[PDB]
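Residues per chain, in single letters:
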Amino acid sequence: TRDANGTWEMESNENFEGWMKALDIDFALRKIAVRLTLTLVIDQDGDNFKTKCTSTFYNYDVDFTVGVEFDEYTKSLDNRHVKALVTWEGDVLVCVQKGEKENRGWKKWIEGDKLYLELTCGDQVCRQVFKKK
Ligand SMILES: *C/C=C/c1ccc2c(c1)C(C)(C)c1cc(N(CC)CC)ccc1-2
């Protein structure tokens, strides 16, 4: 269950607005984001990942190597500098983003053709589920 390769289509998205509000994204743009169809495209080779989230108005890409800290500028989101680090905790892929916000990061659970994603910031957790296309 350590294979996240694929195109992933959203099945559920809970507390999306609370998570976006914790990150301080504009109320008006949060309203638009909650209606957009989001597609997750992941390419994974060894320790190297390319992750792409696509919608009609907002796009987000990140590339990283498991175990190698990297500087991340969330130019597409809340426009903050964080020190990001992605690791394996068993079969869970864990990202911690050190910076202004506490408890910032995300976890992914690849159970066959289903991907569970939890985005955290502060006291907010957004839970998403995707199915491999
Ligand atoms: C490993 C998965 C990480 C991941 C999955 C889905 C999204 C993100 C990161 C964000 C934080 C980049 C993000 C932002 C949005 N917005 C509304 C469209 C604001 C740009 C949606 C989905 C994801």
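- Looking at the entry header, you'll see X-ray crystallography listed as the method and 1.524 Å as the resolution.

**Some details on the pairing of strand β1 (residues 6-14)**
Successive side chains on a regular strand alternate, one facing one side of the sheet and the next facing the other.
Item 1. As defined by bridge partners, β1 adjoins strand β2 (residues 39-45) across four bridges and the pair is classed as antiparallel. Looking across to β2, one finds that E9 is bridged to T39.

**Some remarks on the site of the ligand**
Item 1. Taken together, the neighbourhood of the ligand is formed by 13 residues, with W19, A33, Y60, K108 and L117 sitting nearest.
Item 2. In the complex, 94% of the free accessible area of the ligand, which totals 550 Å², lies under the protein chains.
Item 3. Among the cavities detected, the one that contains the ligand is the largest pocket.
Item 4. For the shell around the ligand, the secondary structure elements donating two or more residues are α1 (16-22), β8 (105-111) and β9 (114-121).

**What to know about the environment of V125**
Item 1. Position of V125 relative to the elements: it lies in strand β10 (residues 124-132).
Item 2. A sequence separation of 99 residues divides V125 from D26, and the C-alpha atoms of the two residues are 18 Å apart.
Item 3. Every residue in contact with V125, bar those within four places of it in the chain, is listed here: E14, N15, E118, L119 and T120.

**With respect to unusual backbone geometry**
Item 1. Within the chain, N15 stands out as a residue other than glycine whose phi angle is a positive 60°.
Item 2. One non-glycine residue, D24, lies in the positive phi region at around 75°.
Item 3. Along the chain, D24 turns up in the loop between α1 and α2 (27-33).

Reading the values: rules and limits
- Residues numbered from 1 in each chain as written, not as in the entry; some residues may be left out.
- Heavy atoms only, no water.
- Pairing = 2+ DSSP bridges.
- Helix = DSSP H or I, 4+ residues; strand = E, 2+ residues; numbered from the N terminus.
- Near = heavy atom within 4 Å.
- Areas by Shrake-Rupley, 256 points an atom, 1.4 Å probe, with all protein chains shown as cover.
- 1 Å grid on protein atoms, 1.4 Å probe; cavity = no way out; pocket = protein on both sides within 12 Å on 5 of 7 lines; lining within 4 Å.
- Sits in = over half its atoms within 2 Å of the grid points.
- Contact = heavy atoms within 4.5 Å.

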